[PDB]
Each structure stands twice: as structure tokens, then as C-alpha cells.
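A.B. asks: My questions all concern the structure below.
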Amino acid sequence: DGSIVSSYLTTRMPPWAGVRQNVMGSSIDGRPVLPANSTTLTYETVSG
Amino acid sequence: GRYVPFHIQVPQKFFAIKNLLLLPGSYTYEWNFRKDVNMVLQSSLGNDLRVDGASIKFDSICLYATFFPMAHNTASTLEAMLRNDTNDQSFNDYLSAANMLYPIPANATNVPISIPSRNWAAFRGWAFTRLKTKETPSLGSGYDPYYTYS
Amino acid sequence: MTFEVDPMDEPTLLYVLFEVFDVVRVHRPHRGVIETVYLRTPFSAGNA
């Protein structure tokens, strides 16, 4: 490889949730929230 | 103890209303308070307090306001002087900076940024510091579900 | 601007303070009225 990282123009980080990291998160009570690049966030989920 | 009923006095920080001297009148004053235990709390290991069973709950809340007992002929003269547009109160933010966060990848050496084209009149300078992406919350959104750090 | 940083085995951010004059002038012309005019220079975020 040996390429300089990064050599492309870095656009600033958007100030909302779901861009900063694609890590696995957690809800307010502790339920595991799937990452932002997951395919389960194309809809919303409402609990009874 | 684990179980703490708290009684806290939370200061106002927004600079335009932080040192403001209100003249008489009826003013609404509304505010949103976080319940996020990774934001309202700080641990000495940095663990995820959402998973670790921490929970804050707001029972009641009050606004307090200490009034100087000024004389009613003096506080009517001061009210009349401070409503002239030449006597408008003027504040500055202490930081006084447009804040731009730029993501650096892992093991990345070079970080090029750009500001496209702008009038740079009354520019003061730069002050920069590298931060960690884990330790920074995504402010601006109402809740950051992906901020597993306290 | 172009920053050369030490490499880290972790995603990191870059926090730049573009120092401006973030100033508010507060006009209270009548009873129960607050009129505030905000201005920061250079990085003004006002459409007016």
C-alpha cells in the first residue's frame, strides 16, 4: 500500500447521531442498538 | 451509595442570557434537560452507564431568582435608562469561535480541511486540538444512541 | 489548512476553533419585550 492517509478533502462531521461512528450503541435503559450502517434502520420500531 | 436522591442547583451558561439584567415584564423561560446517563454523569473508567444500569429521573424542578431590593424610584430610573437603544446591553461568548469537527481515520497521518471562500474580516485566529471520536458525543441531535462512553 | 498528526489505532476527531466575534446586543424597548440581535464575524450564521 504505502499511501498517505488521508489525501482526500475531509468534510466536517455532521452534528447529529448516526454519522460519527458505526459502532453498536445502547438505548436509554441498556438495550443494544444496531449500528448506523445496518439495514434495520430503514424503518422505525415501536415497542408495545 | 448507589441510590442517591439528589438536590442540585444547575447554572445557566448561555452567554446572552447568562449575565443579562432583565427589566420588568412577564417572560417565559423554557428549557430542555437531558436524561442521558452517559451525558449527565461521569465515571472514572468511562464505561457505558446505559448498559451498566445507571438511571436518572427528575422528580420536580424549580427556577430561583434573587432580586436586589432596589428602591422603587431608583429601579424605575434604571429601568428607564436601560430601555434606550443607546443603553442596550451587549455580551460576547468567551470562546467566540465557530467550532468544526473533522473526522480523522484510524492510523491516519495527514488531515486536509478547507473553508470554501469567505470574507475573513474580524478573524481572530485558530485554536486546535485532536479529540477522540469515542469520547465526543453527537450533539445537535436530541439523543445519541451510539455514544457508549461516560 | 493541512494538519499532520501522530497515527493512532482509534478513530479520532479534529477540533478547530475558528475564532470569531460571537456578539449579542440585547434591546428591551418596552415592558416584557426582549429583542436580541446576534452577529458573529467572520463565520456569520444568519440569513438576514
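All residue names refer to the C-alpha cells as shown: chains lettered A, B, ... in order, residues numbered from 1 in each chain, ligands numbered from 1 in order.
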Any idea what's packed within 12 Å of residue 34 in chain C, counting only C-alpha atoms, ignoring anything in its chain fewer than 2 positions away? Could you give it as a list in words?
C.D. replies: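 Counting only C-alpha atoms, the residues come to residues 16, 17, 20, 21, 22, 23, 24, 25, 26, 27, 28, 82, 83, 85, 88 and 89 of chain B; 25, 26, 27, 28, 29, 30, 31, 32, 36 and 37 of chain C.
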A.B. asks: With only C-alpha atoms as the counted atoms, please give the residues lying no more than 9 Å from residue 96 in chain B, apart from itself and same-chain residues fewer than 3 positions off, as a list in words.
C.D. replies: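 Close residues of residue 96 in chain B: residues 92 and 93 of chain B; 17, 18, 19, 20, 21, 22, 23 and 40 of chain C.
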A.B. asks: Please check the contacts: residues of chain C at most 9 Å away from chain A, using only C-alpha atoms, listed as a JSON list (two decimals) with N, CA and C atoms, in the first residue's frame.
C.D. replies:
[["chain", "number", "residue", "atom", "x", "y", "z"],
["C", 11, "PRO", "N", -10.29, 5.75, 15.84],
["C", 11, "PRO", "CA", -10.85, 6.92, 15.15],
["C", 11, "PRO", "C", -10.81, 8.14, 16.07],
["C", 13, "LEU", "N", -10.98, 12.69, 16.24],
["C", 13, "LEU", "CA", -11.56, 13.87, 15.63],
["C", 13, "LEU", "C", -10.54, 14.99, 15.57],
["C", 14, "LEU", "N", -10.96, 16.10, 14.98],
["C", 14, "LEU", "CA", -10.13, 17.28, 14.82],
["C", 14, "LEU", "C", -10.97, 18.50, 15.14]]
A.B. asks: Could you pull out all residues of chain A with a DSSP call of strand (DSSP E or B) and give them as a count of residues only?
C.D. replies: 4
A.B. asks: What is the CA of residue 46 in chain A-CA of residue 61 in chain B distance in Å, reported with one decimal?
C.D. replies: 29.5 Å
A.B. asks: Once you count only C-alpha atoms, what closest atom pair and distance in Å to one decimal does each residue of chain B within 7 Å of chain C have, with rows by chain and rising residue number, as a Markdown table?
C.D. replies:
| residue | atom | partner | partner_atom | distance |
| --- | --- | --- | --- | --- |
| B:16 | CA | C:24 | CA | 6.1 |
| B:24 | CA | C:31 | CA | 6.0 |
| B:25 | CA | C:32 | CA | 3.8 |
| B:26 | CA | C:32 | CA | 5.3 |
| B:27 | CA | C:32 | CA | 6.2 |
| B:83 | CA | C:29 | CA | 4.9 |
| B:84 | CA | C:29 | CA | 6.8 |
| B:85 | CA | C:27 | CA | 6.5 |
| B:88 | CA | C:27 | CA | 5.3 |
| B:89 | CA | C:26 | CA | 5.3 |
| B:90 | CA | C:25 | CA | 4.3 |
| B:91 | CA | C:24 | CA | 5.3 |
| B:92 | CA | C:23 | CA | 4.4 |
| B:93 | CA | C:22 | CA | 5.6 |
| B:96 | CA | C:22 | CA | 4.8 |
| B:97 | CA | C:19 | CA | 3.9 |
| B:98 | CA | C:18 | CA | 5.0 |
| B:99 | CA | C:17 | CA | 5.1 |
| B:100 | CA | C:16 | CA | 5.6 |
| B:101 | CA | C:15 | CA | 4.8 |
| B:102 | CA | C:14 | CA | 4.7 |
| B:103 | CA | C:13 | CA | 4.6 |
| B:104 | CA | C:12 | CA | 5.2 |
| B:105 | CA | C:11 | CA | 5.1 |
| B:106 | CA | C:11 | CA | 4.7 |
| B:107 | CA | C:7 | CA | 4.3 |
| B:108 | CA | C:7 | CA | 5.3 |
| B:109 | CA | C:5 | CA | 5.1 |
| B:110 | CA | C:4 | CA | 4.7 |
| B:111 | CA | C:3 | CA | 5.1 |
| B:112 | CA | C:2 | CA | 4.4 |
| B:113 | CA | C:1 | CA | 5.4 |
| B:114 | CA | C:1 | CA | 6.1 |
| B:119 | CA | C:42 | CA | 6.5 |
| B:120 | CA | C:42 | CA | 5.5 |
| B:121 | CA | C:42 | CA | 5.8 |
| B:122 | CA | C:41 | CA | 5.9 |
| B:123 | CA | C:20 | CA | 5.7 |
| B:124 | CA | C:19 | CA | 5.2 |
| B:125 | CA | C:19 | CA | 5.4 |
| B:126 | CA | C:18 | CA | 5.2 |
| B:127 | CA | C:17 | CA | 4.9 |
| B:128 | CA | C:16 | CA | 4.3 |
| B:129 | CA | C:15 | CA | 5.4 |
| B:130 | CA | C:14 | CA | 4.7 |
| B:131 | CA | C:13 | CA | 4.8 |
| B:132 | CA | C:12 | CA | 4.1 |
| B:133 | CA | C:12 | CA | 4.8 |
A.B. asks: List as a ChimeraX atom specification the protein and nucleic acid residues near residue 26 in chain A, meaning an atom at most 9 Å away when only C-alpha atoms are counted, but skip any in the same chain fewer than 2 places from it.
C.D. replies: /A:24,28-34 /B:48,50-51,145-148
A.B. asks: Just the selected residues (N, CA, C and O atoms), exported as a PDB file, in the first residue's frame, please.
C.D. replies:
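Produced file selection-v5.pdb, reproduced below:
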ATOM      1  N   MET A  24     -21.762  -0.267  17.699  1.00  0.00           N
ATOM      2  CA  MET A  24     -23.010  -0.738  18.285  1.00  0.00           C
ATOM      3  C   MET A  24     -23.307   0.104  19.517  1.00  0.00           C
ATOM      4  O   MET A  24     -22.460   0.236  20.405  1.00  0.00           O
ATOM      5  N   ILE A  28     -31.645   3.960  26.211  1.00  0.00           N
ATOM      6  CA  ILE A  28     -31.612   4.677  27.481  1.00  0.00           C
ATOM      7  C   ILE A  28     -31.741   3.723  28.668  1.00  0.00           C
ATOM      8  O   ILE A  28     -31.290   4.050  29.773  1.00  0.00           O
ATOM      9  N   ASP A  29     -32.301   2.530  28.466  1.00  0.00           N
ATOM     10  CA  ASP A  29     -32.357   1.511  29.502  1.00  0.00           C
ATOM     11  C   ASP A  29     -31.275   0.449  29.359  1.00  0.00           C
ATOM     12  O   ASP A  29     -31.089  -0.350  30.281  1.00  0.00           O
ATOM     13  N   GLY A  30     -30.565   0.419  28.236  1.00  0.00           N
ATOM     14  CA  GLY A  30     -29.480  -0.523  28.038  1.00  0.00           C
ATOM     15  C   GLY A  30     -29.687  -1.519  26.917  1.00  0.00           C
ATOM     16  O   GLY A  30     -28.867  -2.437  26.776  1.00  0.00           O
ATOM     17  N   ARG A  31     -30.734  -1.397  26.114  1.00  0.00           N
ATOM     18  CA  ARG A  31     -30.966  -2.343  25.033  1.00  0.00           C
ATOM     19  C   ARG A  31     -30.000  -2.075  23.881  1.00  0.00           C
ATOM     20  O   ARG A  31     -29.778  -0.918  23.521  1.00  0.00           O
ATOM     21  N   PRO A  32     -29.415  -3.122  23.293  1.00  0.00           N
ATOM     22  CA  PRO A  32     -28.402  -2.934  22.241  1.00  0.00           C
ATOM     23  C   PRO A  32     -29.017  -2.393  20.958  1.00  0.00           C
ATOM     24  O   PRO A  32     -29.922  -2.999  20.382  1.00  0.00           O
ATOM     25  N   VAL A  33     -28.511  -1.248  20.510  1.00  0.00           N
ATOM     26  CA  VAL A  33     -28.949  -0.613  19.274  1.00  0.00           C
ATOM     27  C   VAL A  33     -27.948  -0.978  18.189  1.00  0.00           C
ATOM     28  O   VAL A  33     -26.739  -0.802  18.371  1.00  0.00           O
ATOM     29  N   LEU A  34     -28.452  -1.497  17.065  1.00  0.00           N
ATOM     30  CA  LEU A  34     -27.612  -1.882  15.942  1.00  0.00           C
ATOM     31  C   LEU A  34     -26.958  -0.646  15.319  1.00  0.00           C
ATOM     32  O   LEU A  34     -27.485   0.461  15.443  1.00  0.00           O
TER      33      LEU A  34
ATOM     34  N   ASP B  48     -20.000   2.270  29.745  1.00  0.00           N
ATOM     35  CA  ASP B  48     -21.311   2.619  29.212  1.00  0.00           C
ATOM     36  C   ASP B  48     -22.325   2.484  30.341  1.00  0.00           C
ATOM     37  O   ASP B  48     -22.715   1.369  30.700  1.00  0.00           O
ATOM     38  N   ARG B  50     -25.433   3.260  30.350  1.00  0.00           N
ATOM     39  CA  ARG B  50     -26.741   2.792  29.918  1.00  0.00           C
ATOM     40  C   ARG B  50     -26.851   1.284  30.092  1.00  0.00           C
ATOM     41  O   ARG B  50     -27.845   0.783  30.628  1.00  0.00           O
ATOM     42  N   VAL B  51     -25.831   0.555  29.639  1.00  0.00           N
ATOM     43  CA  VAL B  51     -25.785  -0.891  29.814  1.00  0.00           C
ATOM     44  C   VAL B  51     -25.593  -1.239  31.284  1.00  0.00           C
ATOM     45  O   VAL B  51     -26.178  -2.202  31.796  1.00  0.00           O
ATOM     46  N   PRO B 145     -27.665   7.541  20.505  1.00  0.00           N
ATOM     47  CA  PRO B 145     -27.684   6.141  20.950  1.00  0.00           C
ATOM     48  C   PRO B 145     -26.349   5.453  20.823  1.00  0.00           C
ATOM     49  O   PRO B 145     -26.143   4.418  21.463  1.00  0.00           O
ATOM     50  N   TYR B 146     -25.433   6.009  20.041  1.00  0.00           N
ATOM     51  CA  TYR B 146     -24.162   5.395  19.710  1.00  0.00           C
ATOM     52  C   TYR B 146     -23.023   5.947  20.543  1.00  0.00           C
ATOM     53  O   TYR B 146     -21.857   5.709  20.220  1.00  0.00           O
ATOM     54  N   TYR B 147     -23.333   6.685  21.604  1.00  0.00           N
ATOM     55  CA  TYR B 147     -22.320   7.286  22.466  1.00  0.00           C
ATOM     56  C   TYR B 147     -22.213   6.430  23.721  1.00  0.00           C
ATOM     57  O   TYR B 147     -22.808   6.726  24.757  1.00  0.00           O
ATOM     58  N   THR B 148     -21.441   5.356  23.615  1.00  0.00           N
ATOM     59  CA  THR B 148     -21.281   4.380  24.689  1.00  0.00           C
ATOM     60  C   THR B 148     -20.030   4.687  25.505  1.00  0.00           C
ATOM     61  O   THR B 148     -19.070   3.921  25.546  1.00  0.00           O
TER      62      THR B 148
END
A.B. asks: Which value, in Å to one decimal, gives the distance between CA of residue 16 in chain A and CA of residue 137 in chain B?
C.D. replies: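 CA of residue 137 in chain B lies 9.0 Å from CA of residue 16 in chain A.
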A.B. asks: If you run DSSP on the backbone here, which positions in range 6-120 of chain B get alpha helix (DSSP H)? Please write them as a list in words.
C.D. replies: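 Checking each residue of range 6-120 of chain B, the alpha helix (DSSP H) ones are residues 37, 38, 39, 40, 74, 75, 76, 77, 78, 79, 80 and 81 of chain B.
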A.B. asks: Work out how far CA of residue 37 in chain B is from CA of residue 95 in chain B, in Å to one decimal.
C.D. replies: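 If I compute the distance from CA of residue 95 in chain B to CA of residue 37 in chain B, I get 26.6 Å.
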A.B. asks: When distances are computed from only C-alpha atoms, which of A:17, A:1, A:42, A:48 shows the smallest separation from chain B?
C.D. replies: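 Comparing A:17, A:1, A:42, A:48 against chain B, the winner is A:17.
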